[PDB]
Amino acid sequence: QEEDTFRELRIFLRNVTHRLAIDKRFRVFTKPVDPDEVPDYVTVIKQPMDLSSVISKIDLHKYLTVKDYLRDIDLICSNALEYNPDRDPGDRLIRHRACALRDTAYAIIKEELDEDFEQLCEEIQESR
Ligand SMILES: Cn1c(=O)ccc2ccccc21
């Protein structure tokens, strides 16, 4: 029954993630940064994160709340802002997309997540 709650949370998180993942603006965030393509990445960004990995984490029951989930979404975003801070187009584009990923994710959750559902998730997690 609490099990039911987390399963529902997972169903909700997979759907939101799929909707972000098929958005063409967010293509760059769908897969881990390839270390051959970007050799120093794994040096600078201590905690890589991507939408692929977010899917795996959902399935590994790593998110017990929407808060936990959005921490990883924000981490996708802050990684991009930190790794790509320059004034050039390539960096400004990724940053702009990073911010849109973040805001879209929040906006979907704000319209579609019941807050009492979140609150329940939080209270079950707090009791374990
Ligand atoms: C997320 N990201 C970056 O933040 C920087 C370079 C890059 C290259 C290929 C794929 C993803 C990339």
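Here, residue 1 is the first one in the sequence, and each next residue gets the next number. In what follows, every heavy atom counts, from backbone to side chain, and hydrogens, waters and symmetry copies are set aside. Just follow the structure's listing: the first ligand is 1, and inside any ligand the first atom is 1.
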Is the contact between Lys31 and ligand 1 made by the side chain, the backbone, both, or neither, using heavy atoms and a 4.0 Å cut-off?
neither

Between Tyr106 and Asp74, is any side-chain donor less than 3.5 angstrom from a side-chain acceptor?
yes

Modelled atom types, side-chain donor and acceptor of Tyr63 and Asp72, under 3.5 Å:
yes

Report the part of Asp34 in contact with ligand 1, treating N, CA, C, O as backbone and CB onward as side chain, heavy atoms under 4.0 Å; options are side chain, backbone, both, neither.
neither

For the residue pair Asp40 / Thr43, report whether a side-chain donor-acceptor contact shorter than 3.5 Å exists.
no

Please report the C-alpha distance between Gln119 and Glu115 in whole Å, then the side-chain angles of each, then the deciding distance to 0.1 Å, and finally whether the side-chain hydrogen bond (donor to acceptor under 3.5 Å, both in side chains) criterion is met.
CA-CA 6 Å; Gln119 178 68 34; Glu115 54 180 38; over 6 Å; no

Those atoms of ligand 1 less than 4.0 Å from some heavy atom in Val33:
1 (C), 2 (N), 11 (C), 12 (C)

Check whether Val54 and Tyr41 end up in the same hydrophobic cluster, where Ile, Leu, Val, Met, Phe, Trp and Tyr are linked by side-chain heavy atoms less than 4.5 Å apart.
no

Starting from atom 4 (O) of ligand 1, locate the nearest protein heavy atom and write down its residue, its atom name and how far away it is, to 0.1 Å.
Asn84 ND2, 2.9 Å

Counting each atom of ligand 1 from 1 as listed, which ones have a heavy atom of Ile94 under 4.0 Å away?
1 (C), 2 (N), 3 (C), 4 (O)

Can you list the atoms of ligand 1 that are under 4.0 Å from a heavy atom of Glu37?
8 (C), 9 (C)

Atom 8 (C) of ligand 1 sits nearest the protein heavy atom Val38 CG2, 3.6 Å

Yes or no on side-chain hydrogen bond (donor to acceptor under 3.5 Å, both in side chains) for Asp68 and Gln125, after CA distance, side-chain angles and deciding distance?
CA-CA 11 Å; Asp68 290 344; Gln125 164 205 57; 3.0 Å; yes

